[PDB]
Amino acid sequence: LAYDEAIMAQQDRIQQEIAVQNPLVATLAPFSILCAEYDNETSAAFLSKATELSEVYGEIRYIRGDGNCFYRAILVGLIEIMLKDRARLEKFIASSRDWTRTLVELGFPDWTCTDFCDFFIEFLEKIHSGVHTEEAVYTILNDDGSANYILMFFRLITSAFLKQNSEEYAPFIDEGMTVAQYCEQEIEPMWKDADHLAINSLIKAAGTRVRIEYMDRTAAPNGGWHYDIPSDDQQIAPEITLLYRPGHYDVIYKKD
């Protein structure tokens, strides 16, 4: 327990080495840039997947692997949509103010959670008015201070959404944790990886529609492994695609 303090300094020396190398949210880059990471001898399996995907996929946006990748990836996906569809933006602002009131109603720490919401709402409102542009938004999304404050909101709703439907999701949790126990340990704090259960909640809480491309080294069905959330009787096209390589998420764009 006296040794603990000196491993926090490791978990910072490593976190900062990852932090200087690449931004929280990168600019767009051609999908071929991904293939570059793989060569036909040392990593042929991945190179196949990468090459197959490039038939469908045009650009890739790298997300810093810091424990928050999934949440950061989703929020970029959303923001982008909202800058191309004004109604969507206006609809999201309205449903966000609801989350605020839903949060206090669910017994979250009042003023702190409310302030996270208020900070995101003011962000969205300034995008709507015209204070922030396409270029300013991406500058904000890269400042660690601002970016993580916004991200906290999405972590909060993922938690909110779970508690809101506890009786329903509790059997999915394991190691004998309760819904609240899982949330507080796994979803509410920063730097904590997202799992399927969290992934489902954020997507549903956000009211969006997502395809995940499961790039692993295994033989797959034609077009590779993928997963749609939510999967429906409907056939509405996914509005955000994520690339999933083991333990990591980046945002990827269909070709045009």
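Numbers for residues come from their place in the sequence shown, where the first is 1.
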For 72 to 80 versus 125 to 133, entry-based mean Cα B-factors point to 125 to 133
Going by the entry, of stretches 157 to 165 and 105 to 113 the one with greater average Cα B-factor is 105 to 113
Entry-reported C-alpha B-factor of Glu41 relative to its chain, by third, is highest
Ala237: CA B-factor among chain residues, third -> highest
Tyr182: C-alpha B-factor third of its chain, per the entry, is the middle
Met152: CA temperature factor from the record, placed by chain third, in the lowest
Chain-relative C-alpha B factor for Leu243 (record values, thirds): the lowest
